[PDB]
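Only the coordinates and a few stated rules stand behind these numbers; no lab work does. When we count neighbours, we look across all protein chains shown, and the Cβ atoms used for this are built from the backbone with ideal geometry, even at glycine.
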Amino acid sequence: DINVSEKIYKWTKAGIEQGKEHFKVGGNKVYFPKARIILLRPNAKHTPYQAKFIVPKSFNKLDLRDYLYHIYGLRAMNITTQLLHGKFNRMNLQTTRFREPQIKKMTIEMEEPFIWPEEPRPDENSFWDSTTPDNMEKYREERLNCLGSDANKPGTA
Amino acid sequence: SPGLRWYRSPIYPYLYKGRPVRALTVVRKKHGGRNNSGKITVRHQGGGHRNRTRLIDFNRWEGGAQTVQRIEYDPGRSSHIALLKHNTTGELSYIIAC
Amino acid sequence: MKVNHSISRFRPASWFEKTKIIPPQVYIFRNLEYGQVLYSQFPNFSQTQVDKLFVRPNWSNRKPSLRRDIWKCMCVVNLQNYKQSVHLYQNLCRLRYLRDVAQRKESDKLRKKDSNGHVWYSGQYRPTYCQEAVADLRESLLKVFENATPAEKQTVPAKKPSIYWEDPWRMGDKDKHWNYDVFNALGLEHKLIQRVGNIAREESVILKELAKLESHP
Amino acid sequence: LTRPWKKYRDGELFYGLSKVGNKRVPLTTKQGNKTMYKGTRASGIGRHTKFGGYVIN
Amino acid sequence: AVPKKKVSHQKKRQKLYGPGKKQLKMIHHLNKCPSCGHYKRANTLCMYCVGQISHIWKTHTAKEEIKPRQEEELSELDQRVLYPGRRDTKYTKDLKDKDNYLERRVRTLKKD
Amino acid sequence: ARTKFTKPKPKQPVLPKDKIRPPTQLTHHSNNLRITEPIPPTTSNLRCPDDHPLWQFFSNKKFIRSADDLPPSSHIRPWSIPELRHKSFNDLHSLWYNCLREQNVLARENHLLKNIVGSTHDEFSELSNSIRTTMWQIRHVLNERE
Amino acid sequence: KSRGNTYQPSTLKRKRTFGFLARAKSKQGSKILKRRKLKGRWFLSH
Amino acid sequence: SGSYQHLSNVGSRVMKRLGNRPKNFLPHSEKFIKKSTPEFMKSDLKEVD
RNA sequence: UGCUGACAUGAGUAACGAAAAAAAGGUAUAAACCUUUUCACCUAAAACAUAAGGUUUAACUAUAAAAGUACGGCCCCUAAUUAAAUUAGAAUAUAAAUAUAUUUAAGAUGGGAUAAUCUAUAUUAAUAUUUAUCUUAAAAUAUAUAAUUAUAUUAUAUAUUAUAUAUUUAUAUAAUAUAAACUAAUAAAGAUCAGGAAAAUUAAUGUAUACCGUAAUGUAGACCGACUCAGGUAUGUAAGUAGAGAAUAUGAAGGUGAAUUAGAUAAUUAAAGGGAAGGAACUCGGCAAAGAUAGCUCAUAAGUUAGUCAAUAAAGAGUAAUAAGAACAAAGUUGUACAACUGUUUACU
RNA sequence: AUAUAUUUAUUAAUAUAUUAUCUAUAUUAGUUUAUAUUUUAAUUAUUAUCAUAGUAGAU
Ligand SMILES: [Mg+2]
Ligand SMILES: [Mg+2]
Ligand SMILES: [Mg+2]
Ligand SMILES: [Mg+2]
Ligand SMILES: [Mg+2]
Ligand SMILES: [Mg+2]
Ligand SMILES: [Mg+2]
Ligand SMILES: [Mg+2]
Ligand SMILES: [Mg+2]
Ligand SMILES: [Mg+2]
Ligand SMILES: [Mg+2]
Ligand SMILES: [Mg+2]
Ligand SMILES: [Mg+2]
Ligand SMILES: [Mg+2]
Ligand SMILES: [Mg+2]
Ligand SMILES: [Mg+2]
Ligand SMILES: [Mg+2]
Ligand SMILES: [Mg+2]
Ligand SMILES: [Mg+2]
Ligand SMILES: [Mg+2]
Ligand SMILES: [Mg+2]
Ligand SMILES: [Mg+2]
Ligand SMILES: [Mg+2]
Ligand SMILES: [Mg+2]
Ligand SMILES: [Mg+2]
Ligand SMILES: [Mg+2]
Ligand SMILES: [Mg+2]
Ligand SMILES: [Mg+2]
Ligand SMILES: [Mg+2]
Ligand SMILES: [Mg+2]
Ligand SMILES: [Mg+2]
Ligand SMILES: [Mg+2]
Ligand SMILES: [Mg+2]
Ligand SMILES: [Mg+2]
Ligand SMILES: [Mg+2]
Ligand SMILES: [Mg+2]
Ligand SMILES: [Mg+2]
Ligand SMILES: [Mg+2]
Ligand SMILES: [Mg+2]
C-alpha cells in the first residue's frame, strides 16, 4: 500500500516527532570510543545548512550519524562521503617516496543554519599569524640555497 | 574467384538445415595440439570454427523400435548422424546414419 | 514498445489537464558540483532537458552529467494555472538562451570576476549561476503575472501562488527584491520545503506530498 | 612558456620533482582497474544480495 | 670534422679577442635629451619621457573599472559566506611574486 | 563526388495547407524579457540559534583560542590512576565523553593551525596528549576492576 | 617498427605476476622473499 | 604548510631513520640546522636527546 | 683504449624538435604570463564524453558528493586458466623437489530481477554464430486507357478529436498527421565454416538503504619511448552546405596558436611552383618527375580453365563544356623468365 | 527595442546614435533538414578568408 521510500520518510518523521533517533540504532554497542572528528571551514559549494568533518578513514556514514546524535545531539539529515587521495612526496630527493595520508571527509545536512565565527585580526591572537612562520621558511630556503656570492646579497626575510 | 575453381562438395537435399537438440550436445574444447604441459604434441592442429560435440550412441543397449526423425551434419565427424525417437517412451537419441 | 514517457516531450497545458499527473508547478534544480541550474516541468528530468538548456558550453559553463547525486531541488514554484506554468517554463528557457547565446556579452558584463578576469569560481563551482537563476525566475514570474490579471471573482477567488524554497538563505533580500505590486496583489508567498527527513534521498516523496498539498488547497 | 620565470631549458619538469622512483609502495583506493576494490575497513555490516544490492544487519 | 689536437690558450685567445670585429665597440653616439638633460641615443627618443607621456595617456584614457552593483552593495559577512578563501599552489604563488622575474628600465645619467 | 555534370536535387515534399496539423502550443515566451543583475543569497534571512550544537566544537564561541585563553600548563594535571580507581562507572563514562569533546575542539584548532598557518607552537597537541593519557588510564582502571 | 616501449603498464598483471602473494604462495617465490629479507631489502615485491 | 601529516603515521621506516640518526654523523645535521636559523633563534649549546 | 674526481679543447660553435600572428591594457614591469579585439590553424579533430597509466600534474588543503530505475565496481554465476588446497595402511607415479587424475576454491575480456504512472534485492512455508529484409499482394493519389507502376503501408515506436465510468484508474477504437539517414524490439529465412558456461513458484512477515571509483590529462607538456621526444596507445558523439561515401572543400560551436625571438633572405641544402626550342639525346636502368578530356548511364575484343576471368578491358558514346577558370577517386599496351592463384617471411640493409 | 528632447490636461514625427534579424511548438523512437504555427527577426552593392598563390588569361 505504501512504498518503502515513503515508509522510510514516515520513520524519520516519527523519530523526530517523538524525539528519539531519526534512524535505526545498531546492536554493536561501543561505550568508550576514541574516535575524533574535525570540523572544517565551509566551502563555496556548501550552504549554511551543511557542515563538513574530517573523520577516521575506517569511519562509516551511519557511524557519523550516530556519533553526532548521541555525543552532541546534532541530527545529520543526509551524510555524504568524500575520501581524498594521497599524493606522493619526499622530504628530499635522496629518500624513498611515499604517499600522503588519505583523509576522509563527510558533509552533513542540518535542520538549522550555522555560520562560523569571524577570523581573528593579526594582533588579537598570537597563534593566527602567518608572517612569522612564512618568513622563517623563506629565510630557511634562502640560507639553504645561497651557494656562492649570494651570501653577501641582502636578505628579504 | 580463383578459390572457387576447385571447390566441390556433395549436396544432400534431405539433410536438416536447423540446429541440433541441445540436450544431446556438449561444447567441444579446443586444445590446439597441446597436452597438459602446454607444449605442442600434435602439430598442424589449431584454430577453427567454434563447434559442439554431439553425444551419439555407440552401444544401442535399450532396444525396441525407434523412428528416425531427421538426418544431420555433425562437424565432429565425417558421417551423417540420425536423430531417433523411441516409439514407446519417446526418448531422443543420436546414432550414425547408414 | 512504450518508448515515450511524460518527461520525453514538452508537455502543454492541454496535456496537463488531460492527465492531471501534477498540479501547475515548475521545478528548479541545482548542480552540487558546477553550480548550474536546470528547469523542469516534472519532478524528474532526463538527458533531453540537459541538452536543451546547455546548448553552447565552454570551459566555464561546462555541460553537466546525469549523475543523480549532484542534482538537488532548489525550489518548486506553484502557479494558478497550467497555462501560467507553461508560460513560466518557456520564459525561463528563453532567458537562459538569451543569457548563454544571444546576449552573452551583457550577461558577462553583469557577472562577477576575479583577478585574471575569469568568472569567480571555487574548483569548477561558480556561484553566479544560482543567483542568475533566481533573477530569471523573478523576471519570468513578473512577465507571467503581468500578462494576465483578472482581479475579480468570476467563479472562485482562486488560490494564491507560492515558491517553495530549499532554504530561506537562497533568495536575496526580500525587500530589495520580491517586493513588487504584482506579487503583492497576487498574494505570492515564499514557503520552505520541510526538513524533517533526508531531503536529498527522499526528495521524490517530499515533492509528491507537496504536490498533493497544492492540488488540494 | 610553462613558467614565465624560466626562459631557458634547465632541467625542471612539467610537474613535480622527479619522473622516476619506487613503484613497490602499497596500493590504495584510487589505483587499479575498475575491478579493483581495496576498502577501508568501514563496512562489515551486512550481506550482499544475489543481484547486487546490500542488506544491512 | 674533428679537431686533431687541443687548441692552445694562445690560439683560442687570439682567435676570440684578436680580431676587431669580435670586439665590442665603445658607444660614441650618445647625446642629451632635450626634454631632460639625461643621456640618450642619437637619432633616438628618450624612454623616460616617452613612458611619462604614455602614462599620462593611460591616466587620462583609462576605462572605468566594472564593479557590479550586487557585489559592491554586499555585506562582509555575506562575502565571507559566499566567497571563502583558498590556498594558492606553488605555481600561482611564484607567478604572483612578480618583482623577482620582471625588471623595470633604469634611468640614464644626467649629461652635463 | 560533386563533379560538374552533377544535377541539383529536388526540394523534399511539403504537406499541403489543408492537411497540416496545427501545433499543440499556440503561444510562446514573452519577447520582452531582459537580463537582470544576479541576486546574491543574503544571510539576513537566517535565524541561527546561539545554542546550535555545532558551537560545542568551539570554546567560548572563539574561532581559535589565544595563549591567554588556553589553560596554563602549571595549573593543569591529568587524572591519576588512584583517583580514577574510586569513580563509579557513570563518572568514568561521562569523563571519557567530556575528554573526547575537548579533544575534538583541540583537534579542529590544531588542524587550522598546522594546515593554514603552518606554525610549530605545539600546544594544543600536548594538551590533547594529556587528555589521551587520562583516557587510557580510565581504560586500564575499568579492565582491572572487572 | 620502433622499439623501446616494451613495458606496457597494467596493475592487474603487475600484481598477479610480481605481487607479494604471487611469491608467498609458492616455494620459489617464498625463497625470493626470504633471500631479499636476508639481504635486508626494504621492498620485497610489488 | 598544507600536509595533513599530523593526522596519520605514514612512512614509519623513513621517519625512524631520520629520527634515529647515528650519533657520529650528528655534526652533519647540526651544521645545516645552525646555519639555517637566525641569530636571535639559535643557541651556542649542543642539543641533546 | 687502467679506475674514480675535478677541469679543459671542439666553443660561446651546432642546435633550441612539424606550427600565425598583431596591437591596447594589467604594468612609465613583459616577445614568453593574464584580459579584450583583429588574424589565422584542427574541425568523422588539435572539440566533447570515457577506458588503461601515471611524480595530484586539476578550476587545490575551505579539494574530486550515489539505495537503484543509463552506476561502475563490490556481490551471484561461470569461460580460458590457476591452486604447499582435496582423495580399510593404501587415489596414481616418482632420487628429493615434485608430477598426474578427481573434487573443491579462485578466476572476466561474459551473463545477472523491478523501476517515472518510478521502483524494491531479505527471512520462514514446495525443489538465440554470421548475413539479408522479396518478383508478387491493398486503398488513394501521379498514373493511360484494361493499364500496371509509383509510392506512406504491404510489420512497431504518439499526440490530438470525438462514442463511457465505479463516487475518469483500465480499456473496445473510428479518424488526422514522415522526406532522408540511423537506433532497439518483432516476423519470416540463406550458406556451411554448423555457431559459450553457469546460479527452481506462490504465499506471511521484511526494507531506516554499507563500502570503493568520481578532479584534470587521456592522437598526450599530465601515460610507454633515457627528453615538455613529429614515434606507440582502447571506445562513442563527432553542426550545416556537398556528395555514393566516415572521400574531398568549407567550418557553426569548442580548443589552440607552442622554452626561443628580430632582422636579412650571399654561396649552398631541403620541400614546392613555372619554363622557350627538343623530347630519354640522362642513366646500370624512364630512378625521379610529368602525363587523367567524367566519377554516373551505355558499350566493351582476342585468348580462355567459360569465371563481364581478361574487365575498372583499350578505343568510343550521352549528359551543360566551347580560350581556360576548386579538392579528392581514376596513371596505357605487349613479349619473355619464375611462381597456378589470395596469403607468409629476414621487428631494424 | 534602448538612450536624449518635444507636438495633452508611456509617448507620435523628426535629428539622429547603439544593438538584433533570433528563439519555441507540430508532423508516431533519435539526428537532420522541409513546411506550417510563434516572433521585428530583411533582400540590394561592395569586401575578405580557405581550398597548391584554390583555380585558368595576361603582366
Ligand atoms: Mg562514494
Ligand atoms: Mg598433419
Ligand atoms: Mg535518490
Ligand atoms: Mg614517464
Ligand atoms: Mg586509475
Ligand atoms: Mg627500457
Ligand atoms: Mg603471464
Ligand atoms: Mg666551427
Ligand atoms: Mg657558422
Ligand atoms: Mg643556428
Ligand atoms: Mg606589454
Ligand atoms: Mg577528413
Ligand atoms: Mg561534416
Ligand atoms: Mg577531454
Ligand atoms: Mg552502485
Ligand atoms: Mg566464485
Ligand atoms: Mg566485468
Ligand atoms: Mg577519471
Ligand atoms: Mg569528469
Ligand atoms: Mg629511444
Ligand atoms: Mg609526443
Ligand atoms: Mg572534411
Ligand atoms: Mg570558429
Ligand atoms: Mg585540449
Ligand atoms: Mg617549438
Ligand atoms: Mg631564409
Ligand atoms: Mg621546357
Ligand atoms: Mg613546349
Ligand atoms: Mg641511352
Ligand atoms: Mg651515355
Ligand atoms: Mg616510375
Ligand atoms: Mg575483334
Ligand atoms: Mg570472346
Ligand atoms: Mg591516384
Ligand atoms: Mg607467388
Ligand atoms: Mg601477393
Ligand atoms: Mg627486412
Ligand atoms: Mg582550414
Ligand atoms: Mg593560401
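Please state the shape class of the range B:1-51: rounded when a/c is under 1.5, otherwise prolate if a/b exceeds b/c and oblate if not, all from the C-alpha gyration tensor.
Working: a/c = 3.77, a/b = 1.31, b/c = 2.87.
Oblate.
Just tell me which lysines come within less than 24 Å, Cα to Cα, of C:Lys159; anything on the same chain fewer than 8 places away is out.
Partners within reach: C:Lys18, C:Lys20, C:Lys83, C:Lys143, C:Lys174, C:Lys191, C:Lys208, C:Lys212.
Taking the Cα centre of each part, how many Å lie between the range E:10-79 and the range D:20-57?
Spelled out, the Cα-based centre of one part sits 61 Å from the other.
About the Cα centre of chain C, what is the dipole size in debye to 20, counting +1 per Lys and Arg Cβ and -1 per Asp and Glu Cβ, all else neutral? All intermediate terms of the calculation are to be shown ahead of the outcome.
Numbers: 37 positive and 23 negative charges, 124 e Å.
With only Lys, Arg, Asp and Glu charged at Cβ, the dipole is about 600 debye.
Just want the answer: with Cβ charges of +1 for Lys and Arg and -1 for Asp and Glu, which residue in A:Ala35, D:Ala42, H:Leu18 is farthest toward the dipole's positive end in the protein assembly as shown?
After comparing all options, I get H:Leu18.
Assuming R0 = 22 Å, what is the FRET efficiency of A:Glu119 and E:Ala62, from their Cβ-Cβ distance, to the nearest 0.05?
On the way: r = 33 Å, r/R0 = 1.52.
In this case the efficiency is close to 0.05.
Let me check I've understood the local charge: for C:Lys109, count other residues with C-beta under 15 angstrom from its C-beta, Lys and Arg +1, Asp and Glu -1. What total comes out?
Working: positive: C:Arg99, C:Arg104, C:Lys105, C:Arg111, C:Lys112, C:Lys113, E:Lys63, E:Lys67, E:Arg69, F:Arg34; negative: C:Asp100, C:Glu106, C:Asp108, C:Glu132, E:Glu64, E:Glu65, E:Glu71, E:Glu72, F:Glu37.
Net charge around C:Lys109: +1.
For peptide D:26-32, what's the mean number of Cβ atoms from other chains within 10 Å of each residue's Cβ?
Values: counts 4, 6, 6, 6, 6, 3, 3.
Per residue, the average neighbour count from other chains is 5.
Given +1 on the Cβ of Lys and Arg, -1 on the Cβ of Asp and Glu, and no further charges, what dipole in debye does the protein assembly as shown carry about its Cα centre, rounded to the nearest 20?
Numbers: 171 positive and 83 negative charges, 1771 e Å.
Result for the protein assembly as shown is approximately 8500 debye, rounded to the nearest 20.
Less than 10 Å Cβ to Cβ from B:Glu72, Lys/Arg counted +1 and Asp/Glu -1: what total charge do the surrounding residues give? Could you put the intermediate results ahead of the total?
Details: positive: B:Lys17, B:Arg19, B:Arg54, B:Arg70; negative: B:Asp74.
Summing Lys and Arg as +1 and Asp and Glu as -1 gives +3.
Just want to confirm a number: the relative contact order over the range A:56-157, from Cα pairs under 8 angstrom separated by 6+ residues, in percent.
Numbers: 87 pairs, mean separation 21.0, N = 102.
Reported relative contact order: 21 percent.
Could you give the spread of the C-alpha atoms of the range E:1-81 along their three principal axes, from largest to smallest, in whole angstroms?
79, 45, 21
Which distance in Å, rounded to a whole number, links the C-alpha centroids of the range F:54-108 and the range F:9-36?
The distance from the Cα centre of the range F:54-108 to that of the range F:9-36 comes to 73 Å.
Would you list which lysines come within 27 Å of D:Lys6, measuring only between C-alpha atoms, while excluding same-chain residues fewer than 8 positions from it?
By straight Cα distance, D:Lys6 reaches A:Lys87, A:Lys138, A:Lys153, D:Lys19, E:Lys90, E:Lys93, E:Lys96, E:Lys98.
For the range E:3-101, calculate the relative contact order in percent as a whole number, restricting contacts to Cα pairs under 8 Å that are 6 or more residues apart.
Values: 22 pairs, mean separation 9.5, N = 99.
The value is 10 percent.
In Å, what Rg and Dmax follow from the Cα atoms of the range C:7-65?
Answer for the range C:7-65, Rg first and Dmax second: 13.3, 42 Å.
Given the peptides A:100-110, E:87-97, C:5-15, arrange them by the average over their residues of other C-beta atoms within 10 Å, most packed first. Don't skip to the answer; put the middle values down first.
Numbers: A:100-110: 19.5, E:87-97: 10.7, C:5-15: 14.9.
Packing order, densest peptide first, comes out as A:100-110, C:5-15, E:87-97.
Can you give me the three principal axis dimensions of the range F:1-54 from its C-alpha atoms, in Å, biggest first?
Largest first, the range F:1-54 extends 85, 39, 27 Å along its Cα principal axes.
Run a plain Debye calculation on the range F:16-112 (Cα atoms as equal point scatterers, no solvent) and give log10 I(q)/I(0) at q = 0.16, 0.22 Å⁻¹, rounded to two decimals, same order as the q list.
Calculated log10 I(q)/I(0) at the listed q: -0.98, -1.26.
What is the spin-label model distance, in nm, from C:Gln103 to H:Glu39 if the labels are put 7 Å beyond Cα along the C-beta direction?
With each label point 7 Å from Cα toward Cβ, the separation is 6.8 nm.
Just the number, please: Stokes-Einstein D of chain H in µm²/s, Kirkwood Rh from C-alpha pairs, 10 °C, 1.306 mPa s.
Working: Rh = 13.3 Å.
Rounded, D is 119 µm²/s.
Within 10 Å of each Cβ in A:139-146, how many Cβ atoms from other chains are there, averaged over the peptide? Present the calculation step by step, with values, prior to reporting the outcome.
Working: counts 4, 4, 1, 1, 5, 3, 0, 1.
Going residue by residue through A:139-146 and averaging, the value is 2.
Let me check the size of the protein assembly as shown from its C-alpha atoms; what are the radius of gyration and Dmax in Å?
Answer for the protein assembly as shown, Rg first and Dmax second: 39.3, 136 Å.
In nm², what is the average projected area of the convex hull enclosing the Cα atoms of the range F:73-146? Each step should come with its number before you reach the end.
Details: hull surface 21.6 nm².
Convex hull of Cα atoms, orientation-averaged projection: 5.4 nm².
Tell me, what are the semi-axes, in whole angstrom and largest first, of the equivalent ellipsoid of chain B as set by the roots of 5 times the Cα gyration tensor eigenvalues?
Details: eigenvalues 186, 94, 23 Å².
The answer is 30, 22, 11 Å, longest axis first.
Just the Cα atoms of the range A:95-157, one point each, no solvent: what log10 I(q)/I(0) does Debye give at q = 0.16, 0.18, 0.28 Å⁻¹?
The computed values of log10 I(q)/I(0) come out as -0.90, -0.94, -1.11.
Write down the Å³ per residue value for the convex hull defined by the alpha carbon atoms of the range C:164-204.
On the way: hull volume 3.2 nm³, N = 41.
In the range C:164-204, the Cα convex hull volume per residue is 78 Å³.
Once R0 is set to 41 Å, what does the formula 1/(1 + (r/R0)^6) return for the Cβ-Cβ distance between C:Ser204 and F:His75, expressed as a FRET efficiency to the nearest 0.05?
Details: r = 57 Å, r/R0 = 1.40.
Once rounded, the FRET efficiency stands at 0.10.
Can you give the Kirkwood hydrodynamic radius for the range A:57-100, in Å, rounded to one decimal and based on Cα pairs? Write down the numbers at each step before the final one.
On the way: mean 1/r = 0.0752 Å⁻¹.
Value: 13.3 Å, from the Cα pair sum.
Evaluate the charge dipole of chain A about its Cα centre and quote only its size in Debye, nearest 20, assuming +1 on the Cβ of each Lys and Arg and -1 on the Cβ of each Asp and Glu. Could you put the intermediate results ahead of the total?
On the way: 26 positive and 20 negative charges, 180 e Å.
Dipole magnitude for chain A comes out near 860 debye.
Can you give the relative contact order of chain F as a percent, counting alpha carbon pairs under 8 Å and 6+ residues apart?
Values: 51 pairs, mean separation 36.8, N = 146.
The value is 25 percent.
Sorted by packing (mean other beta-carbon atoms within 10 Å per residue), highest first, where do B:91-98, F:102-109 land? Each step should come with its number before you reach the end.
Values: B:91-98: 13.6, F:102-109: 20.9.
Averaged packing, sorted descending, gives the order F:102-109, B:91-98.
If all Cα-Cα distances of chain C are sorted into 5 Å bins from 0 onward, what percent lands in each bin, rounded to whole numbers?
Taking all Cα pairs of chain C, the binned fractions are 1, 6, 14, 18, 20, 18, 12, 7, 3, 1, 0, 0 percent.
Which order results if B:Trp6, C:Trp165 are arranged by neighbouring Cβ count within 10 Å, fewest first?
Taking fewest neighbouring Cβ atoms as first place, the list is B:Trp6, C:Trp165.
Could I have the simple spin-label model distance between B:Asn35 and C:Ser6, label points 7 Å from Cα toward Cβ, reported in nm to one decimal?
For B:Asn35 paired with C:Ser6, the spin-label model returns 7.1 nm.
Taking beta carbons within 10 Å but only from partner chains, what does the mean come to for residues F:104-113? Show your work: numbers first, answer last.
Working: counts 8, 2, 1, 7, 8, 3, 4, 7, 6, 4.
Mean shielding by partner chains, rounded to a whole number: 5.
Whole-Å semi-axes of the range C:47-88's equivalent ellipsoid, largest first, each the root of 5 times a Cα gyration tensor eigenvalue?
Details: eigenvalues 131, 41, 17 Å².
Equivalent-ellipsoid dimensions as semi-axes: 26, 14, 9 Å.
I'd like to know how the range D:1-44 sits against the 2.2 N^0.38 Å rule of thumb: what's its Cα Rg over that expected value?
Working: Rg = 18.3 Å, N = 44, 2.2 N^0.38 = 9.3 Å.
Expressed relative to 2.2 N^0.38 Å, the Cα Rg reads 1.97.
So for each of C:75-88, A:75-88, C:176-189 I average, over its residues, the number of other beta carbons within 10 Å; can you give me the resulting order with the highest mean first?
C:75-88, A:75-88, C:176-189
How many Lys pairs in chain G lie less than 26 angstrom apart by Cα atoms, where the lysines are 8 or more positions apart or on different chains?
Summing the qualifying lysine pairs gives 18.
Run down the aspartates and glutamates and flag those whose C-alpha is under 14 Å from the C-alpha of A:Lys7, throwing out any fewer than 8 positions away in its chain.
In chain and number order, the partners are C:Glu202, C:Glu203, C:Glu209.
Once each part is reduced to its C-alpha centroid, what is the distance from the range B:75-89 to the range C:116-142 in angstrom?
76 Å
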